[PDB]
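Written below as structure tokens is the structure these notes are about.
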Amino acid sequence: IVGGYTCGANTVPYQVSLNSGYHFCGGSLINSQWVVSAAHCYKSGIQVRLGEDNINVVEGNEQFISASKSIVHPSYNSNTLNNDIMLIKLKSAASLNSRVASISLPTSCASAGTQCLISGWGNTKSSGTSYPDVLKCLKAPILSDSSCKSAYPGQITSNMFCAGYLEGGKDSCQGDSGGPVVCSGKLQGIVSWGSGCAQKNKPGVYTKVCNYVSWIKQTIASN
Ligand SMILES: NCc1ccccc1
Ligand SMILES: [Ca+2]
């Protein structure tokens, strides 16, 4: 997250870190057994880390649970990033408490202009590299579809939305991928892609979760 703020420990209780020996992507806990992330975060050998603030210090509220199954969306296209969504099943159920909690799936798609909360442990610099140890947060509005399509001509599908600031300076970044975009208390986006971080006229692009609720619910009911 570039241009954000320190969230505060366990104030984003649905945020997870995906670990393969090191943090590599975020995700969101949607019930006691299942995490949503980005398909482009797929790896074999994922451990899900819940209850984290500092990812390099064991602080006492963590739960570390290995994945038993990953399911990339059937229509994921890694070239275009269309359908950039993946479900991860935990080997055992998480213990839900005030520091580890699920986020609800949406009923309706969020509206342009709504302020959302984006969070992660990704790079904090627009130019250069600095990775934080504690969770960072950013408030950013959903942009109009016409603004989004003008920023990325020929590249925006109906399964994507843009959020952020056309003037630059505040954005998600590398290492935030797969993490949550929460608007009005519901999971509306997944950190997906963009052109760099916090550059002018190049806002972040997010997977539009409201288009996938049927697939999520069917998949959970069968696995
Ligand atoms: N600035 C959007 C973004 C997010 C994740 C990875 C790359 C770019
Ligand atoms: Ca920790």
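Residues are referred to by chain and number: the chain letter is A, B, ... according to the order shown in the structure tokens, the number counts from 1 in that chain, and ligands are numbered separately from 1 in the order shown.
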task = Using only C-alpha atoms, determine which residues lie at most 9 Å from range 95-104 of chain A, disregarding the query and same-chain residues fewer than 4 positions distant; provide the list as a ChimeraX atom specification.
result = /A:9-15,28-32,50-52,61-63,182,185-187
Would you mind exporting N, CA, C and O atoms of the selected residues as a compact mmCIF listing (two decimals), in the first residue's frame?
```txt
# COMPACT_ATOMS: atom_id res chain seq x y z
N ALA A 9 -3.35 -3.02 15.10
CA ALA A 9 -3.37 -4.48 15.21
C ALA A 9 -4.78 -5.04 15.28
O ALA A 9 -5.57 -4.66 16.15
N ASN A 10 -5.07 -5.98 14.38
CA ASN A 10 -6.28 -6.78 14.37
C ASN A 10 -7.54 -5.96 14.14
O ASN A 10 -8.63 -6.44 14.44
N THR A 11 -7.42 -4.76 13.57
CA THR A 11 -8.58 -3.96 13.20
C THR A 11 -9.19 -4.38 11.87
O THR A 11 -10.27 -3.89 11.51
N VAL A 12 -8.52 -5.26 11.13
CA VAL A 12 -8.98 -5.79 9.85
C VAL A 12 -9.00 -7.31 10.01
O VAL A 12 -8.11 -8.02 9.51
N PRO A 13 -9.97 -7.87 10.75
CA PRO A 13 -9.80 -9.23 11.28
C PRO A 13 -10.01 -10.33 10.25
O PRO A 13 -9.71 -11.50 10.53
N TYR A 14 -10.49 -9.97 9.06
CA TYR A 14 -10.68 -10.88 7.94
C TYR A 14 -9.46 -10.94 7.03
O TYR A 14 -9.45 -11.74 6.10
N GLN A 15 -8.46 -10.10 7.23
CA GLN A 15 -7.27 -10.10 6.39
C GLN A 15 -6.41 -11.31 6.69
O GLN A 15 -6.11 -11.58 7.84
N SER A 28 -8.81 -12.96 1.99
CA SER A 28 -9.90 -12.61 2.90
C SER A 28 -10.59 -13.86 3.39
O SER A 28 -10.94 -14.73 2.60
N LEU A 29 -10.84 -13.93 4.70
CA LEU A 29 -11.56 -15.04 5.30
C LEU A 29 -13.06 -14.81 5.12
O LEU A 29 -13.59 -13.80 5.57
N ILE A 30 -13.74 -15.75 4.46
CA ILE A 30 -15.17 -15.59 4.20
C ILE A 30 -16.05 -16.51 5.04
O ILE A 30 -17.26 -16.28 5.13
N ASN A 31 -15.47 -17.49 5.70
CA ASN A 31 -16.12 -18.29 6.74
C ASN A 31 -15.01 -19.02 7.47
O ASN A 31 -13.83 -18.74 7.25
N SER A 32 -15.35 -19.97 8.34
CA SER A 32 -14.29 -20.57 9.15
C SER A 32 -13.35 -21.48 8.36
O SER A 32 -12.28 -21.82 8.88
N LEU A 50 -3.69 -16.26 9.80
CA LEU A 50 -4.79 -15.46 10.31
C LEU A 50 -4.32 -14.70 11.56
O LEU A 50 -3.36 -15.09 12.22
N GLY A 51 -5.02 -13.61 11.89
CA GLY A 51 -4.75 -12.90 13.13
C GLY A 51 -3.44 -12.15 13.14
O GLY A 51 -2.95 -11.78 14.21
N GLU A 52 -2.86 -11.88 11.97
CA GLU A 52 -1.57 -11.24 11.88
C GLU A 52 -1.67 -9.72 11.97
O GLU A 52 -2.57 -9.10 11.41
N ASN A 61 -1.78 -13.74 18.67
CA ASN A 61 -3.13 -13.91 18.18
C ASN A 61 -3.21 -14.66 16.86
O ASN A 61 -4.30 -14.76 16.28
N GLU A 62 -2.09 -15.17 16.39
CA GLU A 62 -2.08 -15.81 15.09
C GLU A 62 -2.69 -17.21 15.13
O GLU A 62 -2.64 -17.92 16.12
N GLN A 63 -3.21 -17.61 13.97
CA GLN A 63 -3.54 -19.00 13.67
C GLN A 63 -2.89 -19.31 12.33
O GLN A 63 -3.10 -18.58 11.35
N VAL A 182 -13.02 -3.67 0.80
CA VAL A 182 -14.27 -3.76 1.57
C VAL A 182 -15.00 -2.43 1.48
O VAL A 182 -14.44 -1.37 1.77
N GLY A 185 -19.06 -2.66 4.46
CA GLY A 185 -19.03 -3.86 5.26
C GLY A 185 -19.08 -5.16 4.51
O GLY A 185 -19.31 -6.20 5.13
N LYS A 186 -18.86 -5.14 3.19
CA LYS A 186 -18.91 -6.34 2.37
C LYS A 186 -17.66 -6.41 1.49
O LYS A 186 -17.11 -5.39 1.10
N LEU A 187 -17.26 -7.62 1.15
CA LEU A 187 -16.12 -7.83 0.26
C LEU A 187 -16.54 -7.54 -1.18
O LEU A 187 -17.23 -8.33 -1.80
```
Determine, for each residue of chain A having at least one atom at most 8 Å from an atom of ligand 1, the closest pair of atoms and their separation in Å to one decimal, counting only C-alpha atoms and all ligand atoms; order by chain and ascending number, as CSV.
```
residue,atom,partner,partner_atom_place_in_ligand_line,distance
A:171,CA,ligand 1,1 (N),5.4
A:172,CA,ligand 1,1 (N),4.6
A:173,CA,ligand 1,4 (C),4.1
A:174,CA,ligand 1,6 (C),4.2
A:175,CA,ligand 1,5 (C),6.7
A:176,CA,ligand 1,5 (C),5.7
A:177,CA,ligand 1,5 (C),4.8
A:191,CA,ligand 1,4 (C),5.7
A:192,CA,ligand 1,5 (C),5.4
A:193,CA,ligand 1,3 (C),4.3
A:194,CA,ligand 1,2 (C),4.1
A:195,CA,ligand 1,8 (C),5.9
A:196,CA,ligand 1,8 (C),5.3
A:197,CA,ligand 1,1 (N),3.9
A:198,CA,ligand 1,1 (N),6.1
A:202,CA,ligand 1,1 (N),7.6
A:203,CA,ligand 1,1 (N),6.3
A:204,CA,ligand 1,2 (C),3.9
A:205,CA,ligand 1,2 (C),6.1
```
Can you write out as JSON lines which residues of chain A fall within 6 Å of ligand 2, alongside each residue's closest atom pair and its distance in Å to one decimal, counting only C-alpha atoms and all ligand atoms and ordering rows by chain and ascending residue number?
```
{"residue": "A:52", "atom": "CA", "partner": "ligand 2", "partner_atom_place_in_ligand_line": "1 (Ca)", "distance": 4.7}
{"residue": "A:53", "atom": "CA", "partner": "ligand 2", "partner_atom_place_in_ligand_line": "1 (Ca)", "distance": 5.4}
{"residue": "A:54", "atom": "CA", "partner": "ligand 2", "partner_atom_place_in_ligand_line": "1 (Ca)", "distance": 4.4}
{"residue": "A:55", "atom": "CA", "partner": "ligand 2", "partner_atom_place_in_ligand_line": "1 (Ca)", "distance": 4.3}
{"residue": "A:56", "atom": "CA", "partner": "ligand 2", "partner_atom_place_in_ligand_line": "1 (Ca)", "distance": 5.7}
{"residue": "A:57", "atom": "CA", "partner": "ligand 2", "partner_atom_place_in_ligand_line": "1 (Ca)", "distance": 4.5}
{"residue": "A:58", "atom": "CA", "partner": "ligand 2", "partner_atom_place_in_ligand_line": "1 (Ca)", "distance": 4.1}
{"residue": "A:59", "atom": "CA", "partner": "ligand 2", "partner_atom_place_in_ligand_line": "1 (Ca)", "distance": 5.1}
```
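Taking only C-alpha atoms, the non-local environment of residue 64 in chain A within 10 Å (same-chain residues fewer than 4 positions away omitted) comprises residues 16, 17, 18, 19, 47, 48, 49, 50, 51, 52, 90 and 94 of chain A.
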request  = Name the residues in contact with residue 69 in chain A at a cut-off of 9 Å, using only C-alpha atoms, excluding same-chain residues fewer than 5 positions from it; report them as a list in words.
outcome  = residues 87, 88, 89, 90, 91 and 223 of chain A
Could you save those same residues with N, CA, C and O atoms as a PDB file, in the first residue's frame?
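Wrote it out as again.pdb, contents follow:
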```
ATOM      1  N   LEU A  87     -10.364 -19.656  -4.675  1.00  0.00           N
ATOM      2  CA  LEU A  87     -10.778 -20.087  -3.339  1.00  0.00           C
ATOM      3  C   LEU A  87      -9.738 -21.034  -2.760  1.00  0.00           C
ATOM      4  O   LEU A  87      -9.181 -21.875  -3.470  1.00  0.00           O
ATOM      5  N   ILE A  88      -9.491 -20.901  -1.468  1.00  0.00           N
ATOM      6  CA  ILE A  88      -8.558 -21.754  -0.733  1.00  0.00           C
ATOM      7  C   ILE A  88      -9.321 -22.350   0.444  1.00  0.00           C
ATOM      8  O   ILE A  88      -9.895 -21.614   1.256  1.00  0.00           O
ATOM      9  N   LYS A  89      -9.333 -23.670   0.539  1.00  0.00           N
ATOM     10  CA  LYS A  89      -9.930 -24.358   1.677  1.00  0.00           C
ATOM     11  C   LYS A  89      -8.875 -24.670   2.719  1.00  0.00           C
ATOM     12  O   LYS A  89      -7.799 -25.171   2.381  1.00  0.00           O
ATOM     13  N   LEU A  90      -9.173 -24.390   3.979  1.00  0.00           N
ATOM     14  CA  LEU A  90      -8.271 -24.671   5.087  1.00  0.00           C
ATOM     15  C   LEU A  90      -8.401 -26.127   5.518  1.00  0.00           C
ATOM     16  O   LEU A  90      -9.488 -26.701   5.495  1.00  0.00           O
ATOM     17  N   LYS A  91      -7.283 -26.711   5.966  1.00  0.00           N
ATOM     18  CA  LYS A  91      -7.306 -28.102   6.426  1.00  0.00           C
ATOM     19  C   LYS A  91      -8.165 -28.282   7.665  1.00  0.00           C
ATOM     20  O   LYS A  91      -8.693 -29.375   7.894  1.00  0.00           O
ATOM     21  N   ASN A 223     -17.403 -28.780  -1.685  1.00  0.00           N
ATOM     22  CA  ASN A 223     -15.991 -29.057  -1.437  1.00  0.00           C
ATOM     23  C   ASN A 223     -15.658 -28.861   0.017  1.00  0.00           C
ATOM     24  O   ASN A 223     -14.553 -29.216   0.426  1.00  0.00           O
TER      25      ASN A 223
END
```
key: Option closest in space to residue 37 in chain A, from A:65, A:190, A:148, A:138 [counting only C-alpha atoms]   =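 The closest residue to residue 37 in chain A is A:190.
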Selected residue, from A:121, A:152, A:212, A:131, that lies nearest to residue 109 in chain A when counting only C-alpha atoms = A:212
query = Would you give me, as a PyMOL selection string, the residues in range 36-161 of chain A that DSSP reads as alpha helix (DSSP H)?
reply = chain A and resi 145-151
remark   = A straight line from CA of residue 127 in chain A to CA of residue 4 in chain A spans 15.1 Å
query = CA of residue 72 in chain A to CA of residue 39 in chain A: how many Å, to one decimal?
reply =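 Atom-to-atom, CA of residue 72 in chain A and CA of residue 39 in chain A are spaced 5.5 Å apart.
Separating CA of residue 22 in chain A from CA of residue 40 in chain A is a distance of 16.6 Å.
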query = range 153-163 of chain A: which residues within 8 Å, counting only C-alpha atoms, same-chain residues fewer than 2 positions away excluded, as a list in words?
reply =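 In the requested format, the answer is residues 80, 82, 83, 140, 141, 142, 143, 144, 145, 148, 149, 150, 151, 165, 203, 204, 205, 206, 207, 208, 209 and 211 of chain A.
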Could you please take those selected residues and save N, CA and C atoms as a PDB file, in the first residue's frame?
```pdb
ATOM      1  N   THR A  80      -4.954 -11.709 -19.535  1.00  0.00           N
ATOM      2  CA  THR A  80      -5.770 -10.508 -19.392  1.00  0.00           C
ATOM      3  C   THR A  80      -6.137 -10.211 -17.940  1.00  0.00           C
ATOM      4  N   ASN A  82      -8.629 -11.470 -16.533  1.00  0.00           N
ATOM      5  CA  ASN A  82     -10.061 -11.633 -16.373  1.00  0.00           C
ATOM      6  C   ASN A  82     -10.338 -12.830 -15.474  1.00  0.00           C
ATOM      7  N   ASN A  83     -11.286 -12.662 -14.568  1.00  0.00           N
ATOM      8  CA  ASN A  83     -11.673 -13.693 -13.598  1.00  0.00           C
ATOM      9  C   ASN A  83     -10.527 -14.042 -12.643  1.00  0.00           C
ATOM     10  N   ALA A 140     -10.034   4.418  -0.412  1.00  0.00           N
ATOM     11  CA  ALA A 140     -10.049   4.819  -1.800  1.00  0.00           C
ATOM     12  C   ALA A 140     -11.440   4.663  -2.374  1.00  0.00           C
ATOM     13  N   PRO A 141     -11.850   5.559  -3.258  1.00  0.00           N
ATOM     14  CA  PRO A 141     -13.182   5.466  -3.856  1.00  0.00           C
ATOM     15  C   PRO A 141     -13.169   4.600  -5.110  1.00  0.00           C
ATOM     16  N   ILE A 142     -14.323   3.988  -5.370  1.00  0.00           N
ATOM     17  CA  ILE A 142     -14.570   3.343  -6.648  1.00  0.00           C
ATOM     18  C   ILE A 142     -14.724   4.409  -7.718  1.00  0.00           C
ATOM     19  N   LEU A 143     -14.022   4.245  -8.819  1.00  0.00           N
ATOM     20  CA  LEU A 143     -14.077   5.168  -9.936  1.00  0.00           C
ATOM     21  C   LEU A 143     -15.170   4.750 -10.919  1.00  0.00           C
ATOM     22  N   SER A 144     -15.650   5.729 -11.691  1.00  0.00           N
ATOM     23  CA  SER A 144     -16.624   5.425 -12.730  1.00  0.00           C
ATOM     24  C   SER A 144     -16.026   4.454 -13.750  1.00  0.00           C
ATOM     25  N   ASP A 145     -16.885   3.635 -14.352  1.00  0.00           N
ATOM     26  CA  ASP A 145     -16.407   2.731 -15.394  1.00  0.00           C
ATOM     27  C   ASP A 145     -15.800   3.489 -16.565  1.00  0.00           C
ATOM     28  N   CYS A 148     -12.274   4.387 -15.644  1.00  0.00           N
ATOM     29  CA  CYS A 148     -11.459   3.177 -15.606  1.00  0.00           C
ATOM     30  C   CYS A 148     -11.080   2.735 -17.015  1.00  0.00           C
ATOM     31  N   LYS A 149     -12.067   2.709 -17.926  1.00  0.00           N
ATOM     32  CA  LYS A 149     -11.800   2.304 -19.304  1.00  0.00           C
ATOM     33  C   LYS A 149     -10.908   3.305 -20.018  1.00  0.00           C
ATOM     34  N   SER A 150     -11.005   4.586 -19.684  1.00  0.00           N
ATOM     35  CA  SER A 150     -10.129   5.578 -20.303  1.00  0.00           C
ATOM     36  C   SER A 150      -8.690   5.426 -19.831  1.00  0.00           C
ATOM     37  N   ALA A 151      -8.487   4.968 -18.592  1.00  0.00           N
ATOM     38  CA  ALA A 151      -7.142   4.772 -18.070  1.00  0.00           C
ATOM     39  C   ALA A 151      -6.467   3.547 -18.678  1.00  0.00           C
ATOM     40  N   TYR A 165      -7.073   7.018  -7.084  1.00  0.00           N
ATOM     41  CA  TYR A 165      -6.904   8.456  -7.254  1.00  0.00           C
ATOM     42  C   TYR A 165      -6.187   8.692  -8.569  1.00  0.00           C
ATOM     43  N   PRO A 203      -4.910   4.070 -11.978  1.00  0.00           N
ATOM     44  CA  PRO A 203      -5.416   3.583 -10.697  1.00  0.00           C
ATOM     45  C   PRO A 203      -5.356   2.063 -10.633  1.00  0.00           C
ATOM     46  N   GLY A 204      -5.545   1.530  -9.436  1.00  0.00           N
ATOM     47  CA  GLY A 204      -5.604   0.091  -9.295  1.00  0.00           C
ATOM     48  C   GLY A 204      -6.851  -0.499  -9.900  1.00  0.00           C
ATOM     49  N   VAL A 205      -6.709  -1.762 -10.323  1.00  0.00           N
ATOM     50  CA  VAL A 205      -7.772  -2.546 -10.912  1.00  0.00           C
ATOM     51  C   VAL A 205      -8.043  -3.755 -10.020  1.00  0.00           C
ATOM     52  N   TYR A 206      -9.324  -4.025  -9.785  1.00  0.00           N
ATOM     53  CA  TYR A 206      -9.791  -4.958  -8.779  1.00  0.00           C
ATOM     54  C   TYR A 206     -10.798  -5.920  -9.372  1.00  0.00           C
ATOM     55  N   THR A 207     -10.728  -7.177  -8.957  1.00  0.00           N
ATOM     56  CA  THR A 207     -11.724  -8.161  -9.362  1.00  0.00           C
ATOM     57  C   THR A 207     -13.069  -7.825  -8.730  1.00  0.00           C
ATOM     58  N   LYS A 208     -14.126  -7.805  -9.537  1.00  0.00           N
ATOM     59  CA  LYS A 208     -15.468  -7.409  -9.091  1.00  0.00           C
ATOM     60  C   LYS A 208     -16.162  -8.624  -8.486  1.00  0.00           C
ATOM     61  N   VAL A 209     -16.070  -8.740  -7.160  1.00  0.00           N
ATOM     62  CA  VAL A 209     -16.541  -9.929  -6.435  1.00  0.00           C
ATOM     63  C   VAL A 209     -18.030 -10.181  -6.610  1.00  0.00           C
ATOM     64  N   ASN A 211     -19.828 -10.332  -9.059  1.00  0.00           N
ATOM     65  CA  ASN A 211     -20.116 -11.187 -10.205  1.00  0.00           C
ATOM     66  C   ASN A 211     -19.841 -12.662  -9.931  1.00  0.00           C
TER      67      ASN A 211
END
```
inquiry  = For the strand (DSSP E or B) assignment from backbone DSSP, which residues of range 160-223 of chain A qualify? Please present them as a PyMOL selection string.
reply    = chain A and resi 160-163+171+180-183+186-193+204-208
